[PDB]
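Next comes data_17.cif, with mmCIF, C-alpha atoms and all ligand atoms.
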```
data_protein
#
loop_
_atom_site.label_atom_id
_atom_site.label_comp_id
_atom_site.auth_asym_id
_atom_site.auth_seq_id
_atom_site.Cartn_x
_atom_site.Cartn_y
_atom_site.Cartn_z
CA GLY A 1 -69.05 -14.03 123.99
CA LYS A 2 -71.55 -13.25 121.22
CA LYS A 3 -71.47 -15.54 118.18
CA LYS A 4 -71.68 -15.48 114.39
CA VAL A 5 -74.99 -17.05 113.29
CA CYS A 6 -75.86 -18.19 109.77
CA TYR A 7 -79.50 -19.04 109.16
CA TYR A 8 -80.98 -21.12 106.30
CA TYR A 9 -84.41 -20.58 104.81
CA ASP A 10 -86.18 -21.09 101.48
CA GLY A 11 -89.38 -19.04 100.96
CA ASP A 12 -90.91 -21.95 99.00
CA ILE A 13 -90.96 -24.26 102.08
CA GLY A 14 -94.30 -23.05 103.43
CA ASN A 15 -96.08 -24.13 100.22
CA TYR A 16 -95.49 -27.91 100.60
CA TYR A 17 -98.67 -29.59 101.82
CA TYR A 18 -98.79 -33.05 103.39
CA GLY A 19 -102.56 -33.25 102.71
CA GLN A 20 -105.96 -32.68 104.35
CA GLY A 21 -105.84 -33.37 108.10
CA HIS A 22 -102.11 -34.29 108.20
CA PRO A 23 -100.64 -32.58 111.31
CA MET A 24 -97.26 -31.69 109.69
CA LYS A 25 -97.59 -28.13 108.35
CA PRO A 26 -94.43 -26.86 106.56
CA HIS A 27 -96.25 -23.42 106.68
CA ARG A 28 -95.00 -23.28 110.33
CA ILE A 29 -91.42 -22.65 108.92
CA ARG A 30 -92.69 -19.58 107.04
CA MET A 31 -94.56 -18.38 110.19
CA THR A 32 -91.30 -18.78 112.15
CA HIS A 33 -89.36 -16.83 109.55
CA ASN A 34 -91.90 -14.03 109.24
CA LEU A 35 -92.10 -13.62 113.00
CA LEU A 36 -88.32 -13.42 113.53
CA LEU A 37 -87.98 -10.98 110.55
CA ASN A 38 -90.63 -8.79 112.25
CA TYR A 39 -88.57 -8.82 115.47
CA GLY A 40 -85.67 -7.46 113.34
CA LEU A 41 -83.46 -10.54 113.94
CA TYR A 42 -82.26 -10.41 110.26
CA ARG A 43 -80.13 -7.37 111.28
CA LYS A 44 -77.86 -9.59 113.45
CA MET A 45 -77.40 -12.71 111.30
CA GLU A 46 -76.59 -13.82 107.76
CA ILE A 47 -79.61 -15.29 105.98
CA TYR A 48 -78.88 -17.88 103.26
CA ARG A 49 -81.18 -19.79 100.91
CA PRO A 50 -80.17 -23.46 100.98
CA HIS A 51 -79.37 -25.27 97.76
CA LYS A 52 -81.51 -28.26 96.74
CA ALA A 53 -79.45 -31.23 98.04
CA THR A 54 -78.75 -33.70 95.24
CA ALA A 55 -79.09 -37.50 95.03
CA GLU A 56 -75.23 -37.71 95.45
CA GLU A 57 -75.56 -35.79 98.72
CA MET A 58 -78.47 -37.90 100.00
CA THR A 59 -76.80 -41.27 99.12
CA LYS A 60 -73.94 -40.47 101.52
CA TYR A 61 -76.43 -42.24 103.91
CA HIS A 62 -79.61 -43.35 102.15
CA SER A 63 -79.64 -46.28 99.70
CA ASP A 64 -79.63 -45.57 95.95
CA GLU A 65 -82.95 -47.50 95.60
CA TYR A 66 -84.75 -45.44 98.25
CA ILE A 67 -83.49 -42.08 96.87
CA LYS A 68 -84.42 -43.22 93.29
CA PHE A 69 -87.97 -43.98 94.58
CA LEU A 70 -88.30 -40.61 96.34
CA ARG A 71 -87.13 -38.84 93.09
CA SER A 72 -89.77 -40.84 91.06
CA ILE A 73 -92.96 -41.04 93.19
CA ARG A 74 -95.76 -38.53 92.50
CA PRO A 75 -99.54 -38.37 93.32
CA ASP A 76 -100.23 -39.08 89.56
CA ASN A 77 -98.11 -42.29 89.34
CA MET A 78 -98.80 -43.59 92.91
CA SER A 79 -101.01 -46.43 91.50
CA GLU A 80 -97.98 -47.90 89.64
CA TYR A 81 -95.71 -47.89 92.78
CA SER A 82 -98.05 -49.70 95.29
CA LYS A 83 -95.32 -52.31 96.06
CA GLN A 84 -92.44 -49.76 96.40
CA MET A 85 -94.59 -47.53 98.66
CA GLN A 86 -95.02 -50.43 101.15
CA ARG A 87 -91.30 -51.33 100.96
CA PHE A 88 -90.25 -47.72 101.78
CA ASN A 89 -93.11 -46.93 104.21
CA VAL A 90 -94.58 -44.19 102.02
CA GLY A 91 -98.31 -43.52 101.54
CA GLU A 92 -99.91 -43.19 105.01
CA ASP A 93 -98.06 -41.21 107.84
CA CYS A 94 -95.44 -40.31 105.17
CA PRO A 95 -97.71 -39.42 102.27
CA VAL A 96 -96.98 -38.79 98.61
CA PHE A 97 -97.55 -35.07 97.98
CA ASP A 98 -96.75 -32.63 95.15
CA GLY A 99 -93.06 -31.63 95.34
CA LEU A 100 -92.16 -34.22 98.02
CA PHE A 101 -88.62 -34.68 96.60
CA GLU A 102 -88.06 -30.86 96.44
CA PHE A 103 -89.22 -30.57 100.07
CA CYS A 104 -86.58 -33.25 100.97
CA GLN A 105 -83.97 -31.35 98.98
CA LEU A 106 -84.63 -27.99 100.69
CA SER A 107 -84.89 -29.38 104.22
CA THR A 108 -81.63 -31.38 103.65
CA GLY A 109 -79.76 -28.60 101.81
CA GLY A 110 -79.98 -26.26 104.81
CA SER A 111 -78.53 -28.81 107.24
CA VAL A 112 -75.69 -29.89 104.93
CA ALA A 113 -74.94 -26.24 103.93
CA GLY A 114 -74.87 -25.33 107.66
CA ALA A 115 -72.44 -28.17 108.40
CA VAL A 116 -70.13 -27.03 105.52
CA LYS A 117 -70.16 -23.46 106.89
CA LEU A 118 -69.23 -24.71 110.39
CA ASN A 119 -66.45 -27.01 108.90
CA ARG A 120 -65.01 -23.99 107.08
CA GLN A 121 -64.94 -22.05 110.42
CA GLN A 122 -67.05 -19.33 108.72
CA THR A 123 -69.73 -19.32 111.45
CA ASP A 124 -70.10 -20.25 115.13
CA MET A 125 -73.72 -21.41 114.73
CA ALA A 126 -75.79 -22.52 111.76
CA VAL A 127 -79.58 -22.70 112.02
CA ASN A 128 -81.94 -24.70 109.80
CA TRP A 129 -85.47 -24.76 111.23
CA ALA A 130 -86.69 -26.76 108.17
CA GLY A 131 -84.39 -29.65 109.23
CA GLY A 132 -84.29 -32.09 112.14
CA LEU A 133 -86.08 -35.04 110.44
CA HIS A 134 -84.76 -37.58 112.93
CA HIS A 135 -86.99 -40.58 112.11
CA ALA A 136 -85.93 -41.17 108.49
CA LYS A 137 -83.95 -44.39 108.02
CA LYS A 138 -81.37 -45.58 105.44
CA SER A 139 -84.08 -47.15 103.17
CA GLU A 140 -87.35 -46.09 104.79
CA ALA A 141 -89.50 -43.04 105.54
CA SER A 142 -90.90 -42.87 109.10
CA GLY A 143 -92.90 -40.49 111.31
CA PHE A 144 -93.48 -37.83 108.56
CA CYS A 145 -89.69 -37.87 107.72
CA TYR A 146 -88.24 -39.03 104.41
CA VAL A 147 -84.56 -37.95 104.20
CA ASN A 148 -82.48 -37.76 107.37
CA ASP A 149 -80.89 -34.31 107.02
CA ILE A 150 -79.32 -34.73 110.49
CA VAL A 151 -77.39 -37.90 109.61
CA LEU A 152 -76.21 -36.21 106.40
CA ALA A 153 -75.12 -33.06 108.27
CA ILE A 154 -73.26 -35.18 110.89
CA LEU A 155 -71.49 -37.13 108.09
CA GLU A 156 -70.41 -33.69 106.74
CA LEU A 157 -69.11 -32.64 110.20
CA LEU A 158 -67.21 -35.95 110.57
CA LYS A 159 -64.95 -34.89 107.66
CA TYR A 160 -63.29 -32.34 110.05
CA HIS A 161 -64.38 -33.45 113.53
CA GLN A 162 -63.21 -36.64 115.26
CA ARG A 163 -66.19 -36.57 117.69
CA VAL A 164 -69.63 -35.02 117.10
CA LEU A 165 -72.27 -34.75 119.83
CA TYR A 166 -75.94 -35.04 118.81
CA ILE A 167 -78.60 -33.76 121.33
CA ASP A 168 -82.32 -34.23 120.70
CA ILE A 169 -85.09 -32.38 122.62
CA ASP A 170 -87.98 -33.35 120.30
CA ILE A 171 -90.67 -35.23 122.34
CA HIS A 172 -89.92 -38.35 120.23
CA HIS A 173 -86.91 -40.61 120.40
CA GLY A 174 -84.26 -39.63 117.81
CA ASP A 175 -84.28 -43.17 116.40
CA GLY A 176 -82.99 -42.65 112.87
CA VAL A 177 -79.97 -40.68 114.09
CA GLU A 178 -79.23 -43.14 116.91
CA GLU A 179 -79.56 -46.11 114.49
CA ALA A 180 -77.18 -44.57 111.89
CA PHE A 181 -74.42 -44.08 114.50
CA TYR A 182 -75.23 -46.97 116.87
CA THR A 183 -71.95 -48.82 116.31
CA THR A 184 -69.56 -45.86 116.27
CA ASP A 185 -67.89 -43.78 118.99
CA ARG A 186 -67.39 -40.88 116.51
CA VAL A 187 -70.93 -39.67 117.22
CA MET A 188 -72.56 -39.70 120.64
CA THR A 189 -76.38 -39.44 120.40
CA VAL A 190 -78.33 -38.07 123.41
CA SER A 191 -82.13 -38.14 123.20
CA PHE A 192 -84.66 -36.96 125.88
CA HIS A 193 -88.12 -38.23 124.96
CA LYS A 194 -91.51 -39.55 126.04
CA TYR A 195 -91.19 -43.31 126.38
CA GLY A 196 -93.84 -45.98 126.99
CA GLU A 197 -96.07 -47.28 124.15
CA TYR A 198 -95.30 -44.02 122.31
CA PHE A 199 -93.98 -43.39 118.84
CA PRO A 200 -91.48 -44.68 117.59
CA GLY A 201 -91.27 -47.22 120.47
CA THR A 202 -87.47 -47.11 120.93
CA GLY A 203 -85.17 -45.16 123.25
CA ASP A 204 -85.21 -47.29 126.41
CA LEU A 205 -82.44 -46.10 128.80
CA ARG A 206 -80.95 -49.62 128.46
CA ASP A 207 -80.25 -48.92 124.74
CA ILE A 208 -76.65 -47.72 125.03
CA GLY A 209 -75.07 -48.55 121.66
CA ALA A 210 -73.23 -51.63 120.35
CA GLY A 211 -69.63 -52.63 119.48
CA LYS A 212 -67.33 -49.57 119.25
CA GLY A 213 -70.48 -47.48 119.90
CA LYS A 214 -71.28 -49.17 123.24
CA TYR A 215 -71.84 -46.28 125.77
CA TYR A 216 -72.15 -43.75 122.89
CA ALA A 217 -75.97 -43.73 122.74
CA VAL A 218 -77.77 -42.08 125.66
CA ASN A 219 -81.53 -42.21 126.19
CA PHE A 220 -83.52 -40.37 128.85
CA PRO A 221 -87.07 -41.87 128.89
CA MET A 222 -89.78 -39.54 130.30
CA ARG A 223 -93.46 -39.73 131.17
CA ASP A 224 -96.34 -37.41 130.30
CA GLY A 225 -96.42 -33.86 131.56
CA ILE A 226 -92.81 -32.97 132.11
CA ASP A 227 -92.40 -29.28 133.07
CA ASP A 228 -89.62 -26.66 132.94
CA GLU A 229 -88.56 -27.48 136.52
CA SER A 230 -88.19 -31.25 135.91
CA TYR A 231 -86.44 -30.81 132.55
CA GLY A 232 -84.12 -28.18 134.06
CA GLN A 233 -83.38 -30.67 136.93
CA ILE A 234 -81.54 -32.96 134.48
CA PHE A 235 -80.58 -31.32 131.19
CA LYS A 236 -77.56 -29.16 132.27
CA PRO A 237 -76.13 -31.99 134.55
CA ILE A 238 -76.39 -34.60 131.74
CA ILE A 239 -75.03 -32.34 129.01
CA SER A 240 -72.24 -31.12 131.30
CA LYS A 241 -71.21 -34.74 132.09
CA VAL A 242 -71.46 -35.71 128.43
CA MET A 243 -69.26 -32.72 127.45
CA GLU A 244 -66.73 -33.63 130.18
CA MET A 245 -66.48 -37.32 129.23
CA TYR A 246 -66.95 -37.16 125.45
CA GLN A 247 -65.12 -33.84 124.64
CA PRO A 248 -66.82 -33.37 121.22
CA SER A 249 -65.49 -30.75 118.78
CA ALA A 250 -68.94 -30.01 117.18
CA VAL A 251 -72.56 -30.28 118.29
CA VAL A 252 -75.87 -30.81 116.50
CA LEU A 253 -78.96 -29.82 118.48
CA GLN A 254 -82.38 -30.99 117.27
CA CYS A 255 -84.94 -28.51 118.71
CA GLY A 256 -88.19 -30.36 117.98
CA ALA A 257 -91.02 -28.16 119.38
CA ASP A 258 -93.48 -31.05 119.92
CA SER A 259 -92.11 -31.15 123.50
CA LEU A 260 -93.96 -27.83 124.27
CA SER A 261 -97.08 -27.50 126.39
CA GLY A 262 -100.24 -27.50 124.26
CA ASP A 263 -98.75 -29.44 121.34
CA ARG A 264 -101.49 -31.06 119.21
CA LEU A 265 -99.69 -34.44 119.25
CA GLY A 266 -97.33 -34.20 122.23
CA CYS A 267 -97.97 -34.77 125.93
CA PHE A 268 -95.24 -32.62 127.56
CA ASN A 269 -95.62 -29.31 129.45
CA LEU A 270 -92.52 -27.20 128.64
CA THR A 271 -92.77 -23.46 127.99
CA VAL A 272 -90.76 -21.75 125.24
CA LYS A 273 -88.38 -20.50 128.04
CA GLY A 274 -87.94 -24.08 129.35
CA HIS A 275 -87.28 -25.43 125.86
CA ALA A 276 -84.89 -22.54 125.01
CA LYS A 277 -82.93 -23.13 128.27
CA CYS A 278 -81.58 -26.19 126.40
CA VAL A 279 -80.18 -23.98 123.65
CA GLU A 280 -78.65 -21.64 126.31
CA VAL A 281 -77.01 -24.64 128.05
CA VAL A 282 -75.54 -26.05 124.84
CA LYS A 283 -74.40 -22.58 123.58
CA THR A 284 -72.39 -22.07 126.79
CA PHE A 285 -69.84 -24.81 125.73
CA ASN A 286 -68.63 -22.53 122.86
CA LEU A 287 -68.42 -25.32 120.27
CA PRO A 288 -69.44 -25.16 116.55
CA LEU A 289 -73.18 -25.77 116.74
CA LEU A 290 -75.78 -26.75 114.16
CA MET A 291 -79.34 -25.97 115.43
CA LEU A 292 -82.17 -27.82 113.68
CA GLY A 293 -85.95 -27.90 113.81
CA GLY A 294 -88.04 -31.05 114.26
CA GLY A 295 -91.61 -31.85 115.27
CA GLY A 296 -94.18 -29.31 116.47
CA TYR A 297 -97.91 -29.35 115.74
CA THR A 298 -99.42 -26.27 117.47
CA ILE A 299 -97.96 -24.00 114.81
CA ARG A 300 -98.33 -20.72 116.68
CA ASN A 301 -96.13 -22.20 119.48
CA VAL A 302 -93.56 -23.64 117.02
CA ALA A 303 -93.14 -20.14 115.52
CA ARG A 304 -92.75 -18.59 119.02
CA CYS A 305 -90.27 -21.31 120.07
CA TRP A 306 -87.92 -21.11 117.07
CA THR A 307 -88.13 -17.30 116.97
CA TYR A 308 -87.09 -17.17 120.64
CA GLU A 309 -84.33 -19.79 120.14
CA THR A 310 -82.97 -17.74 117.16
CA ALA A 311 -82.89 -14.71 119.56
CA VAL A 312 -81.06 -16.92 122.16
CA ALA A 313 -78.50 -18.03 119.51
CA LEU A 314 -77.89 -14.30 118.83
CA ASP A 315 -77.78 -13.28 122.54
CA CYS A 316 -80.50 -10.80 121.51
CA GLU A 317 -83.20 -9.81 124.00
CA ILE A 318 -86.64 -9.51 122.34
CA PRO A 319 -89.90 -8.12 123.81
CA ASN A 320 -92.71 -10.42 124.95
CA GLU A 321 -95.23 -8.21 123.07
CA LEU A 322 -95.38 -9.75 119.58
CA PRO A 323 -94.60 -7.39 116.70
CA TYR A 324 -97.19 -7.23 113.89
CA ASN A 325 -96.61 -9.92 111.22
CA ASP A 326 -98.35 -11.79 108.38
CA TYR A 327 -99.74 -14.39 110.82
CA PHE A 328 -100.59 -12.08 113.70
CA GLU A 329 -104.07 -13.61 114.24
CA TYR A 330 -102.47 -17.06 114.88
CA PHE A 331 -101.04 -15.70 118.15
CA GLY A 332 -104.28 -14.65 119.75
CA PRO A 333 -105.86 -14.20 122.19
CA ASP A 334 -102.72 -12.93 123.99
CA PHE A 335 -100.37 -11.87 121.16
CA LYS A 336 -97.34 -12.59 123.41
CA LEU A 337 -94.17 -14.54 122.59
CA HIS A 338 -94.03 -16.60 125.80
CA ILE A 339 -96.49 -19.33 126.72
CA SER A 340 -97.94 -20.63 129.99
CA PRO A 341 -97.81 -24.30 131.01
CA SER A 342 -101.12 -26.17 131.37
CA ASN A 343 -102.51 -27.77 134.61
CA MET A 344 -101.70 -31.30 133.31
CA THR A 345 -100.21 -33.67 135.84
CA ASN A 346 -96.46 -34.19 135.62
CA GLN A 347 -96.07 -37.98 135.84
CA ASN A 348 -92.24 -37.50 136.16
CA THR A 349 -91.54 -37.34 139.86
CA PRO A 350 -88.39 -35.54 141.09
CA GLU A 351 -87.15 -38.96 142.36
CA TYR A 352 -87.72 -40.55 138.95
CA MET A 353 -85.78 -37.69 137.26
CA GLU A 354 -82.83 -38.07 139.64
CA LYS A 355 -82.83 -41.87 139.41
CA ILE A 356 -82.74 -41.97 135.59
CA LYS A 357 -80.01 -39.26 135.68
CA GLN A 358 -77.96 -41.42 138.12
CA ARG A 359 -78.34 -44.51 135.85
CA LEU A 360 -77.14 -42.45 132.86
CA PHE A 361 -74.17 -41.10 134.92
CA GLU A 362 -73.16 -44.76 135.62
CA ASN A 363 -72.98 -45.36 131.84
CA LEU A 364 -71.02 -42.15 131.23
CA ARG A 365 -68.33 -43.43 133.70
CA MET A 366 -67.61 -46.16 131.10
CA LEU A 367 -66.13 -43.70 128.57
CA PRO A 368 -62.24 -43.36 128.40
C1 LIG B 401 -98.82 -42.45 116.00
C2 LIG B 401 -97.91 -41.26 116.14
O1 LIG B 401 -97.85 -40.68 117.21
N1 LIG B 401 -97.18 -40.87 115.06
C3 LIG B 401 -96.28 -39.79 115.04
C4 LIG B 401 -96.57 -38.56 115.66
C5 LIG B 401 -95.64 -37.52 115.64
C6 LIG B 401 -94.42 -37.70 114.97
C7 LIG B 401 -93.41 -36.62 114.88
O2 LIG B 401 -93.38 -35.67 115.65
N2 LIG B 401 -92.55 -36.66 113.84
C8 LIG B 401 -91.52 -35.75 113.58
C9 LIG B 401 -91.47 -35.16 112.32
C10 LIG B 401 -90.40 -34.32 111.96
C11 LIG B 401 -90.43 -33.63 110.65
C12 LIG B 401 -89.94 -32.41 110.37
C13 LIG B 401 -90.18 -31.97 109.08
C14 LIG B 401 -90.88 -32.80 108.30
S1 LIG B 401 -91.29 -34.23 109.24
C15 LIG B 401 -89.39 -34.09 112.90
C16 LIG B 401 -89.42 -34.69 114.16
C17 LIG B 401 -90.48 -35.52 114.52
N3 LIG B 401 -90.50 -36.13 115.81
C18 LIG B 401 -94.15 -38.93 114.33
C19 LIG B 401 -95.09 -39.95 114.34
CA CA B 402 -85.85 -36.52 121.68
NA NA B 403 -73.02 -43.64 118.68
ZN ZN B 404 -91.45 -35.42 117.31
#
```
Full structure transcribed into structure tokens:
Amino acid sequence: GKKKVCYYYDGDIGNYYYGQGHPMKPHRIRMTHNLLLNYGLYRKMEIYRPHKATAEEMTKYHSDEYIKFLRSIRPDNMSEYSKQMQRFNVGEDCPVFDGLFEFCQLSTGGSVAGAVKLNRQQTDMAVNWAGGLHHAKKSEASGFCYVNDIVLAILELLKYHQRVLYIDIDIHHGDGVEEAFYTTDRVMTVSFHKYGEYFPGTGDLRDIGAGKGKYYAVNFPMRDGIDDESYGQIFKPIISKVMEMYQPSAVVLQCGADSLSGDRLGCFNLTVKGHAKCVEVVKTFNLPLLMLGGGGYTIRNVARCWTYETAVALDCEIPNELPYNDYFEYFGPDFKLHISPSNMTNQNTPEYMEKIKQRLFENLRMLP
């Protein structure tokens, strides 16, 4: 039936600025929050302010040297760390900005706090839209991500769960998460993503894991222009087969909104309803679920997406007419919650979708 939802948000998040022209806008988390508050969704869920995750918490995955660097680097001392910046991939796509470490701490704190709450059986779902930074690696920033809150939250879940399922609907391959768990069967990682000379360049369907983790990494490579129909063709069948074969006891769902139609960086054509169908599918399995944010560069659509997916988590129907809010002008000219797909060509034929699905089903037969 209906579930208990705990939601994590820190009002300071929207103030972190990656710099002039950088497409990552933490302000989108505040727009999301303000919109869902204006729909009255706070009446149906517990709202918590995450703690600032410490260096002890972050070094459960990341190296001491990389976390020490992130704690130290500032725009004022940048000149003195030119060598370290190159070593850790900080300074270009992953810039040094005021309060960078605090931004890492808040984004991470919500995911780890959500995992603790699920481990304690105090909630059915935990939501952290400021999380989902799937590209960060053990000792390296990547793709605007510095600290991998997802890996840390999964490590927290593994204290009480033998098997954790990770599902990733961001347009990009969930490389940092897949890499962290590549050689274990205790986490199965399932990523659906644009593939073919696209960032980060990994996630071929032939990448299936290694050693004990062989068959525990699943990749569904897609072409430009995927629509609700095509995505819906394959998501429920793959997740259903994964649930059947893997039998996880907890799930982490990365809800990156860069897979929506009209994304500034992305090349997919999903609506908010098509993207949210993924949350509905996963929610149906009735397992402890951690829902996380991710990419998303057309900020008005990110706020619509995560507001609607919070409503889905709550089994709460909300009107398409947007309520007034602090960012009302961002939603023009329509001022509606739902979006239309564009006329872009879907390069993913129905045969291609079915064929990749069949190849993944062959791999899933290899589980015990
Ligand atoms: C050349 C090129 O295309 N570069 C590039 C573009 C987009 C992304 C991205 O979408 N990154 C991301 C960031 C986050 C972050 C969330 C919060 C802070 S960063 C979460 C998920 C993804 N996929 C990464 C790299
Ligand atoms: Ca993905
Ligand atoms: Na794995
Ligand atoms: Zn992305």
Notebook entry, point to check: So how far away is CA of residue 60 (chain A) from CA of residue 72 (chain A), in Å?
Noted result: 19.0 Å
Residues near residue 24 (chain A), cut-off 12 Å, all atoms listed in the file, skip fewer than 2 positions along chain, as an mmCIF file with C-alpha atoms, in the frame of the given file:
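File result-v6.cif, as written:
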```cif
data_model
loop_
_atom_site.group_PDB
_atom_site.id
_atom_site.type_symbol
_atom_site.label_atom_id
_atom_site.label_comp_id
_atom_site.auth_asym_id
_atom_site.auth_seq_id
_atom_site.Cartn_x
_atom_site.Cartn_y
_atom_site.Cartn_z
ATOM 1 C CA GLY A 14 -94.300 -23.050 103.430
ATOM 2 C CA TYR A 16 -95.490 -27.910 100.600
ATOM 3 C CA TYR A 17 -98.670 -29.590 101.820
ATOM 4 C CA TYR A 18 -98.790 -33.050 103.390
ATOM 5 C CA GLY A 19 -102.560 -33.250 102.710
ATOM 6 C CA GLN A 20 -105.960 -32.680 104.350
ATOM 7 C CA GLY A 21 -105.840 -33.370 108.100
ATOM 8 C CA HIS A 22 -102.110 -34.290 108.200
ATOM 9 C CA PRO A 26 -94.430 -26.860 106.560
ATOM 10 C CA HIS A 27 -96.250 -23.420 106.680
ATOM 11 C CA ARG A 28 -95.000 -23.280 110.330
ATOM 12 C CA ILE A 29 -91.420 -22.650 108.920
ATOM 13 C CA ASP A 93 -98.060 -41.210 107.840
ATOM 14 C CA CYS A 94 -95.440 -40.310 105.170
ATOM 15 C CA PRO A 95 -97.710 -39.420 102.270
ATOM 16 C CA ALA A 130 -86.690 -26.760 108.170
ATOM 17 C CA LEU A 133 -86.080 -35.040 110.440
ATOM 18 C CA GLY A 143 -92.900 -40.490 111.310
ATOM 19 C CA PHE A 144 -93.480 -37.830 108.560
ATOM 20 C CA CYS A 145 -89.690 -37.870 107.720
ATOM 21 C CA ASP A 258 -93.480 -31.050 119.920
ATOM 22 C CA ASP A 263 -98.750 -29.440 121.340
ATOM 23 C CA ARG A 264 -101.490 -31.060 119.210
ATOM 24 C CA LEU A 265 -99.690 -34.440 119.250
ATOM 25 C CA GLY A 294 -88.040 -31.050 114.260
ATOM 26 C CA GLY A 295 -91.610 -31.850 115.270
ATOM 27 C CA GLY A 296 -94.180 -29.310 116.470
ATOM 28 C CA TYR A 297 -97.910 -29.350 115.740
ATOM 29 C CA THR A 298 -99.420 -26.270 117.470
ATOM 30 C CA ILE A 299 -97.960 -24.000 114.810
ATOM 31 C CA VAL A 302 -93.560 -23.640 117.020
#
```
Close residues, residue 280 (chain A) itself excluded, 10 Å, only C-alpha atoms, min 4 positions apart in chain, as a PDB file with C-alpha atoms, in the frame of the given file:
```
ATOM      1  CA  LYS A 236     -77.560 -29.160 132.270  1.00  0.00           C
ATOM      2  CA  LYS A 273     -88.380 -20.500 128.040  1.00  0.00           C
ATOM      3  CA  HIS A 275     -87.280 -25.430 125.860  1.00  0.00           C
ATOM      4  CA  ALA A 276     -84.890 -22.540 125.010  1.00  0.00           C
ATOM      5  CA  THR A 284     -72.390 -22.070 126.790  1.00  0.00           C
ATOM      6  CA  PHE A 285     -69.840 -24.810 125.730  1.00  0.00           C
ATOM      7  CA  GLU A 309     -84.330 -19.790 120.140  1.00  0.00           C
ATOM      8  CA  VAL A 312     -81.060 -16.920 122.160  1.00  0.00           C
ATOM      9  CA  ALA A 313     -78.500 -18.030 119.510  1.00  0.00           C
ATOM     10  CA  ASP A 315     -77.780 -13.280 122.540  1.00  0.00           C
TER      11      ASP A 315
END
```
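Taking only C-alpha atoms, the non-local environment of residue 334 (chain A) within 10 Å (same-chain residues fewer than 5 positions away omitted) comprises residues 321, 322, 329 and 339 of chain A.
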Put those residues in a file: C-alpha atoms, as a PDB file, in the frame of the given file.
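Okay, part_18.pdb is ready:
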```
ATOM      1  CA  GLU A 321     -95.230  -8.210 123.070  1.00  0.00           C
ATOM      2  CA  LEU A 322     -95.380  -9.750 119.580  1.00  0.00           C
ATOM      3  CA  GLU A 329    -104.070 -13.610 114.240  1.00  0.00           C
ATOM      4  CA  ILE A 339     -96.490 -19.330 126.720  1.00  0.00           C
TER       5      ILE A 339
END
```
Which residues of chain A come within 6 Å of ligand NA 403 (chain B), and for each one, what is the closest pair of atoms and their distance in Å to one decimal, counting all atoms listed in the file, sorted by chain and residue number, as CSV?
```
residue,atom,partner,partner_atom,distance
A:181,CA,B:NA403,NA,4.4
A:182,CA,B:NA403,NA,4.4
A:183,CA,B:NA403,NA,5.8
A:184,CA,B:NA403,NA,4.8
A:185,CA,B:NA403,NA,5.1
A:187,CA,B:NA403,NA,4.7
A:188,CA,B:NA403,NA,4.4
A:189,CA,B:NA403,NA,5.6
A:213,CA,B:NA403,NA,4.8
A:216,CA,B:NA403,NA,4.3
A:217,CA,B:NA403,NA,5.0
```
How would the residues just chosen look if you wrote them out with C-alpha atoms as a JSON list (two decimals), in the frame of the given file?
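part.json written:
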```
[["chain", "number", "residue", "atom", "x", "y", "z"],
["A", 181, "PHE", "CA", -74.42, -44.08, 114.50],
["A", 182, "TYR", "CA", -75.23, -46.97, 116.87],
["A", 183, "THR", "CA", -71.95, -48.82, 116.31],
["A", 184, "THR", "CA", -69.56, -45.86, 116.27],
["A", 185, "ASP", "CA", -67.89, -43.78, 118.99],
["A", 187, "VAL", "CA", -70.93, -39.67, 117.22],
["A", 188, "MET", "CA", -72.56, -39.70, 120.64],
["A", 189, "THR", "CA", -76.38, -39.44, 120.40],
["A", 213, "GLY", "CA", -70.48, -47.48, 119.90],
["A", 216, "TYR", "CA", -72.15, -43.75, 122.89],
["A", 217, "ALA", "CA", -75.97, -43.73, 122.74]]
```
Check: Could you pull the residues within 10 Å of residue 354 (chain A), counting all atoms listed in the file, minus those fewer than 5 positions along the same chain, as an MDAnalysis selection string?
Finding: chainID A and resid 230 233:234 349 359:360
Next item on the list: May I have the residues within 8 Å of ligand CA 402 (chain B), computed using all atoms listed in the file, as a PyMOL selection string?
Entry: chain A and resi 167-174+190-194+254+256
Margin query: Could you check which residues have any atom within 12 Å of (-80.4, -29.2, 100.4), counting only C-alpha atoms with coordinates taken straight from the file, and then list them as number ranges by chain?
Written below: A: 8-10, 13, 48-58, 101-116, 128, 130-131, 147-150, 152-153
Margin query: Between A:262, A:203, A:132, A:319, which residue has the minimum interatomic distance to residue 146 (chain A), considering all atoms listed in the file?
Written below: A:132
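You will find CA of residue 99 (chain A) at 26.1 Å from CA of residue 301 (chain A).
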Next item on the list: Find the spatial neighbours of residue 202 (chain A), counting only C-alpha atoms, within a cut-off of 7 Å - ignore same-chain residues fewer than 2 positions away - and output them as a PyMOL selection string.
Entry: chain A and resi 173+175+200+204
Next item on the list: Work out how far apart CA of residue 243 (chain A) and CA of residue 207 (chain A) are and give it in Å to one decimal.
Entry: 19.8 Å
Let me know the centre plus edge lengths, in Å and rounded to one decimal, of a box with edges along x, y and z that contains all listed atoms of ligand LIG 401 (chain B) and is padded by 5 Å on every side, as JSON.
```
{"center_x": -94.1, "center_y": -37.2, "center_z": 112.8, "size_x": 19.4, "size_y": 20.5, "size_z": 18.9}
```
Checklist line | Selection as a count of residues only: residues within 6 Å of (-76.3, -28.0, 113.7), counting only C-alpha atoms | finding: 7
Margin query: Just checking: using all atoms listed in the file, which residue out of A:119, A:358, A:79, A:271 ends up closest to residue 337 (chain A)?
Written below: A:271
